[PDB]
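First the structure, in the form of structure tokens, and then the observations on it.
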Amino acid sequence: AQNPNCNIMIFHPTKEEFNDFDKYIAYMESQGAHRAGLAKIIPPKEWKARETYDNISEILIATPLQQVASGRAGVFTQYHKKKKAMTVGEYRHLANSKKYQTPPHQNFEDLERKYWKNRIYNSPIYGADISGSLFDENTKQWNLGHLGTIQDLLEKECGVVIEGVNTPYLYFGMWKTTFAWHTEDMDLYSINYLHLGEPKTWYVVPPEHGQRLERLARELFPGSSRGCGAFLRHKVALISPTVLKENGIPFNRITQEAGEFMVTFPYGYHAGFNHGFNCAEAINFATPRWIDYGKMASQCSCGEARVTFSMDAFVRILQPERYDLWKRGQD
Ligand SMILES: O=C(O)CNC(=O)C(=O)O
Ligand SMILES: [Mg+2]
Ligand code: NI
Ligand SMILES: [Zn+2]
């Protein structure tokens with residue numbers, strides 16, 4: 001069995017190996033990469049996402065979100081307070097202001113310590129889930145706006161044509177901006193490219209151990225758990241590495257830097273934080289191996305999680321018994 005300890009693997013494809021996305025995902029899996037829940041892919045040195053980042057300041061962040069925490073330093077929830085629109089140039093200036101800028105630190109480990117000690121005492125502002133892309137149209141390899149769609153994959157594997165589209169999203173971050181513990185919608189893969197700026201630290205639980213995380217989360221967030229059998233789908237709960245280690249939960253950590261891709265695998269719980277001003281692009285995708293995870297994915301039917309249009313068909317075809325309850329939650 002490849003990668004039995006479920007370590008995060010790092011890949012260095014050549015330019016030739018970078019030509020066929022599906023083939024390279026399947027290669028990484030043949031080496032056991034999925035067992036970690038997360039892999040890093042360093043593009044060949046011949047590759048670039050676009051020519052420069054000099055021309056992005058006029059992108060609008062229509063609904064910046066202030067991430068306000070409740071709880072204790074290692075076990076907290078965050079809610080997202082809506083703020084007034086601002087451009088990427090305005091947001092960058094904000095991120096670099098004295099109130100929000102990254103503190104002096106020694107190394108990634110010292111910054112991680114500072115994040116876990118101090119995150120709850122501040123409310124950083126995140127530009128999330130902005131539809132769009134920063135890949136140049138002439139980038140032909142690993143262009144996240146030109147991947148095969150999930151609707152086409154379901155059609156190829158199962159034979160049924162479905163409505164829906166699959167497009168990328170941009171994330172503009174600053175110090176302490178946080179992504180809570182979650183798997184992807186319908187336990188899909190994701191791919192995330194860090195276009196520019198400061199790093200992003202990730203935490204991940206192996207898919208084979210995902211239920212251990214869920215059980216701890218129900219214990220640590222007991223009112224949220226009563227509210228929703230799939231409350232991690234609300235994407236609000238944070239648990240520190242120290243708390244995970246105290247509770248014997250298997251996990252790994254890694255820091256992504258600008259110019260690097262991360263792939264999350266089906267049912268790989270993940271969480272993390274940004275080091276400073278940055279911009280990432282991410283999209284969900286599927287392979288033949290995903291279908292069995294999609295059929296078994298939990299769902300939030302309480303009203304909170306509220307998702308994309310395109311999830312309807314995935315529930316409807318893969319989970320017909322759950323569909324009527326899930327849809328009632330959407331309305
Ligand atoms: O960068 C982010 O805010 C969040 N990362 C992810 O959840 C991802 O690509 O799946
Ligand atoms: Mg611009
Ligand atoms: Ni994610
Ligand atoms: Zn819910």
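All residue names refer to the structure tokens as shown: chains lettered A, B, ... in order, residues numbered from 1 in each chain, ligands numbered from 1 in order.
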Apply DSSP to the structure's backbone, then extract all residues of stretch 10-137 of chain A labelled helix (DSSP H, G or I) and return them as a PyMOL selection string.
chain A and resi 21-30+33-36+88-95+108-121
For ligand 1, return the neighbouring residues as an NGL selection string (distance at most 9 Å; only C-alpha atoms and all ligand atoms).
:A and (126-129 or 170-173 or 177-184 or 189-194 or 200 or 202 or 262-264 or 270-274 or 279-284)
List every residue of chain A that has an atom at most 6 Å from any atom of ligand 4, giving for each one its closest atom pair and the distance in Å to one decimal, counting only C-alpha atoms and all ligand atoms, sorted by chain and then by ascending residue number, as JSON lines.
```
{"residue": "A:228", "atom": "CA", "partner": "ligand 4", "partner_atom_place_in_ligand_line": "1 (Zn)", "distance": 4.5}
{"residue": "A:230", "atom": "CA", "partner": "ligand 4", "partner_atom_place_in_ligand_line": "1 (Zn)", "distance": 5.7}
{"residue": "A:231", "atom": "CA", "partner": "ligand 4", "partner_atom_place_in_ligand_line": "1 (Zn)", "distance": 4.8}
{"residue": "A:300", "atom": "CA", "partner": "ligand 4", "partner_atom_place_in_ligand_line": "1 (Zn)", "distance": 4.0}
{"residue": "A:301", "atom": "CA", "partner": "ligand 4", "partner_atom_place_in_ligand_line": "1 (Zn)", "distance": 5.5}
{"residue": "A:302", "atom": "CA", "partner": "ligand 4", "partner_atom_place_in_ligand_line": "1 (Zn)", "distance": 4.2}
{"residue": "A:303", "atom": "CA", "partner": "ligand 4", "partner_atom_place_in_ligand_line": "1 (Zn)", "distance": 5.8}
{"residue": "A:304", "atom": "CA", "partner": "ligand 4", "partner_atom_place_in_ligand_line": "1 (Zn)", "distance": 4.9}
{"residue": "A:305", "atom": "CA", "partner": "ligand 4", "partner_atom_place_in_ligand_line": "1 (Zn)", "distance": 5.6}
```
Same residues, N, CA and C atoms, saved as a compact mmCIF listing (two decimals), in the first residue's frame:
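Output file again_5.txt follows:
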```txt
# COMPACT_ATOMS: atom_id res chain seq x y z
N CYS A 228 -27.22 20.63 13.58
CA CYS A 228 -26.95 20.17 12.18
C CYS A 228 -26.02 18.99 12.27
N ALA A 230 -24.36 17.82 9.95
CA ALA A 230 -23.22 18.10 9.07
C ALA A 230 -22.73 19.54 9.26
N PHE A 231 -22.68 20.02 10.53
CA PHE A 231 -22.32 21.40 10.73
C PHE A 231 -20.97 21.88 10.29
N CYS A 300 -25.68 19.11 4.62
CA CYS A 300 -26.35 20.10 5.56
C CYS A 300 -27.77 20.33 4.95
N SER A 301 -28.77 20.02 5.75
CA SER A 301 -30.19 20.29 5.42
C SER A 301 -30.81 21.32 6.42
N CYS A 302 -30.00 21.97 7.32
CA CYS A 302 -30.56 22.89 8.35
C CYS A 302 -30.84 24.29 7.85
N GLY A 303 -30.39 24.62 6.66
CA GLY A 303 -30.52 25.98 6.14
C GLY A 303 -29.26 26.80 6.08
N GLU A 304 -28.27 26.49 6.91
CA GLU A 304 -27.08 27.34 7.00
C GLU A 304 -26.15 27.29 5.79
N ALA A 305 -25.78 26.09 5.33
CA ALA A 305 -24.63 25.99 4.41
C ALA A 305 -24.86 26.69 3.05
```
Surroundings of ligand 2 up to 9 Å, based on only C-alpha atoms and all ligand atoms, as a VMD selection string
chain A and resid 54 to 60 87 to 89
Between A:322, A:80, A:233, A:306, which residue has the minimum interatomic distance to ligand 3, considering only C-alpha atoms and all ligand atoms?
A:233
Excluding residue A:38 and any residue of its chain fewer than 3 positions from it, enumerate the residues within 10 Å of it, using only C-alpha atoms, and give them as an mmCIF file with N, CA, C and O atoms, in the first residue's frame.
```cif
data_model
loop_
_atom_site.group_PDB
_atom_site.id
_atom_site.type_symbol
_atom_site.label_atom_id
_atom_site.label_comp_id
_atom_site.auth_asym_id
_atom_site.auth_seq_id
_atom_site.Cartn_x
_atom_site.Cartn_y
_atom_site.Cartn_z
ATOM 1 N N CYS A 6 0.325 8.232 5.394
ATOM 2 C CA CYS A 6 -0.545 9.368 4.962
ATOM 3 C C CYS A 6 0.178 10.680 5.028
ATOM 4 O O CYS A 6 -0.409 11.729 5.403
ATOM 5 N N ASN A 7 1.457 10.762 4.724
ATOM 6 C CA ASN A 7 2.197 11.961 4.657
ATOM 7 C C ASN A 7 1.832 12.840 3.441
ATOM 8 O O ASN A 7 1.454 12.303 2.391
ATOM 9 N N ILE A 8 1.895 14.126 3.648
ATOM 10 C CA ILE A 8 1.717 15.062 2.504
ATOM 11 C C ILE A 8 2.893 14.890 1.544
ATOM 12 O O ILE A 8 4.040 15.182 1.942
ATOM 13 N N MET A 9 2.629 14.595 0.291
ATOM 14 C CA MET A 9 3.627 14.436 -0.728
ATOM 15 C C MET A 9 3.784 15.680 -1.562
ATOM 16 O O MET A 9 2.795 16.420 -1.810
ATOM 17 N N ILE A 10 4.975 15.949 -2.085
ATOM 18 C CA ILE A 10 5.306 17.109 -2.881
ATOM 19 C C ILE A 10 5.801 16.584 -4.191
ATOM 20 O O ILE A 10 6.720 15.738 -4.247
ATOM 21 N N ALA A 33 -0.616 9.603 -2.914
ATOM 22 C CA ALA A 33 -0.764 11.038 -2.466
ATOM 23 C C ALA A 33 -2.087 11.323 -1.799
ATOM 24 O O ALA A 33 -2.122 12.058 -0.797
ATOM 25 N N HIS A 34 -3.150 10.740 -2.331
ATOM 26 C CA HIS A 34 -4.473 10.994 -1.748
ATOM 27 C C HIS A 34 -4.639 10.589 -0.358
ATOM 28 O O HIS A 34 -5.545 11.117 0.352
ATOM 29 N N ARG A 35 -3.842 9.642 0.124
ATOM 30 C CA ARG A 35 -4.013 9.177 1.476
ATOM 31 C C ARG A 35 -3.813 10.296 2.499
ATOM 32 O O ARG A 35 -4.389 10.253 3.610
ATOM 33 N N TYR A 189 -12.787 16.994 -5.182
ATOM 34 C CA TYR A 189 -11.397 17.532 -5.089
ATOM 35 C C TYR A 189 -11.470 19.017 -5.147
ATOM 36 O O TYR A 189 -12.422 19.621 -5.674
ATOM 37 N N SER A 190 -10.358 19.682 -4.722
ATOM 38 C CA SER A 190 -10.109 21.056 -5.089
ATOM 39 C C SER A 190 -8.698 21.224 -5.526
ATOM 40 O O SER A 190 -7.799 20.448 -5.145
ATOM 41 N N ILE A 191 -8.448 22.223 -6.321
ATOM 42 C CA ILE A 191 -7.076 22.677 -6.697
ATOM 43 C C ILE A 191 -6.993 24.148 -6.406
ATOM 44 O O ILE A 191 -7.919 24.913 -6.692
ATOM 45 N N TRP A 202 -1.564 25.225 5.722
ATOM 46 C CA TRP A 202 -2.629 24.229 5.691
ATOM 47 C C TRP A 202 -2.476 23.210 6.748
ATOM 48 O O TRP A 202 -1.360 22.688 6.992
ATOM 49 N N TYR A 203 -3.607 22.692 7.234
ATOM 50 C CA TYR A 203 -3.741 21.534 8.075
ATOM 51 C C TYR A 203 -4.688 20.562 7.404
ATOM 52 O O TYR A 203 -5.692 21.008 6.783
ATOM 53 N N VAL A 204 -4.448 19.262 7.504
ATOM 54 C CA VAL A 204 -5.295 18.279 6.807
ATOM 55 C C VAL A 204 -5.386 16.981 7.573
ATOM 56 O O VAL A 204 -4.343 16.515 8.117
ATOM 57 N N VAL A 205 -6.546 16.335 7.593
ATOM 58 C CA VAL A 205 -6.764 15.009 8.164
ATOM 59 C C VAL A 205 -6.889 13.999 7.055
ATOM 60 O O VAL A 205 -7.607 14.232 6.089
ATOM 61 N N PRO A 206 -6.137 12.863 7.088
ATOM 62 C CA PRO A 206 -6.303 11.830 6.051
ATOM 63 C C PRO A 206 -7.755 11.450 5.828
ATOM 64 O O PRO A 206 -8.488 11.242 6.823
ATOM 65 N N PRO A 207 -8.210 11.269 4.579
ATOM 66 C CA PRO A 207 -9.595 10.800 4.366
ATOM 67 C C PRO A 207 -9.992 9.589 5.152
ATOM 68 O O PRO A 207 -11.138 9.512 5.668
ATOM 69 N N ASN A 252 -1.687 16.412 9.356
ATOM 70 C CA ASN A 252 -0.418 16.943 8.857
ATOM 71 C C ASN A 252 -0.548 18.395 8.555
ATOM 72 O O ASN A 252 -1.689 18.947 8.463
ATOM 73 N N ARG A 253 0.582 19.091 8.452
ATOM 74 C CA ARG A 253 0.643 20.452 8.112
ATOM 75 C C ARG A 253 1.644 20.766 7.050
ATOM 76 O O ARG A 253 2.682 20.089 6.958
ATOM 77 N N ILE A 254 1.409 21.806 6.256
ATOM 78 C CA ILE A 254 2.372 22.232 5.230
ATOM 79 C C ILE A 254 2.132 23.654 4.892
ATOM 80 O O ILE A 254 0.955 24.142 4.998
ATOM 81 N N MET A 262 -1.793 23.453 -4.589
ATOM 82 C CA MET A 262 -2.227 22.432 -3.648
ATOM 83 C C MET A 262 -3.431 21.719 -4.157
ATOM 84 O O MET A 262 -4.356 22.402 -4.678
ATOM 85 N N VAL A 263 -3.492 20.425 -4.057
ATOM 86 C CA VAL A 263 -4.675 19.636 -4.393
ATOM 87 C C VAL A 263 -5.245 19.041 -3.161
ATOM 88 O O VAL A 263 -4.483 18.417 -2.389
ATOM 89 N N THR A 264 -6.511 19.255 -2.851
ATOM 90 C CA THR A 264 -7.225 18.535 -1.811
ATOM 91 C C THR A 264 -8.015 17.386 -2.412
ATOM 92 O O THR A 264 -8.550 17.521 -3.522
ATOM 93 N N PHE A 265 -7.998 16.259 -1.753
ATOM 94 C CA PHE A 265 -8.600 15.014 -2.231
ATOM 95 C C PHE A 265 -9.938 14.745 -1.587
ATOM 96 O O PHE A 265 -10.240 15.308 -0.518
ATOM 97 N N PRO A 266 -10.799 13.955 -2.215
ATOM 98 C CA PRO A 266 -12.124 13.710 -1.672
ATOM 99 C C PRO A 266 -12.128 13.298 -0.222
ATOM 100 O O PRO A 266 -11.408 12.390 0.204
ATOM 101 N N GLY A 268 -10.965 14.842 2.324
ATOM 102 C CA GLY A 268 -9.793 15.341 3.097
ATOM 103 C C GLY A 268 -10.173 16.617 3.810
ATOM 104 O O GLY A 268 -10.226 17.667 3.209
ATOM 105 N N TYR A 269 -10.454 16.506 5.083
ATOM 106 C CA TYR A 269 -10.748 17.750 5.910
ATOM 107 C C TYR A 269 -9.533 18.631 5.927
ATOM 108 O O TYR A 269 -8.415 18.143 6.203
ATOM 109 N N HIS A 270 -9.706 19.920 5.766
ATOM 110 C CA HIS A 270 -8.619 20.875 5.798
ATOM 111 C C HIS A 270 -9.034 22.188 6.418
ATOM 112 O O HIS A 270 -10.235 22.567 6.412
#
```
Among A:161, A:144, A:69, A:244, residue A:118 is approached most closely, using only C-alpha atoms, by A:69
